[PDB]
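Throughout the sequence shown, residue numbering follows the deposited numbering, covering 1 to 33 in sequence. Beta carbons are placed, not taken as given, at the ideal position from N, Cα and C, and that holds for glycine. Contents: one structure, followed by commentary.
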Amino acid sequence: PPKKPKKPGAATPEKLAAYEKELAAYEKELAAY
Numbered sequence: 001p002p003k004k005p006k007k008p009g010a011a012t013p014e015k016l017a018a019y020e021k022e023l024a025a026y027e028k029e030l031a032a033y
């Protein structure tokens, strides 16, 4: 199963963008799975 991205806990926009992209990737792979 695809891993759940960690919440960056303060956090910079980059980490939010990464968290969002990783979350989207999680949803994509979770649906694919």
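Contacts around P8, its chain only, beta-carbon distance under 8 Å, and the 5 residues preceding and following it disregarded: Cβ within range, chain order: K15, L16, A18 and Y19.
Straight-line Cα distance separating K21 from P2: Note on geometry: alpha-carbon atoms of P2 and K21 lie some 14 Å from one another.
Inter-residue spacing [alpha-carbon to alpha-carbon] between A10 and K28: 28 Å
Backbone CA spacing between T12 and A25 [nearest angstrom]: 20 Å
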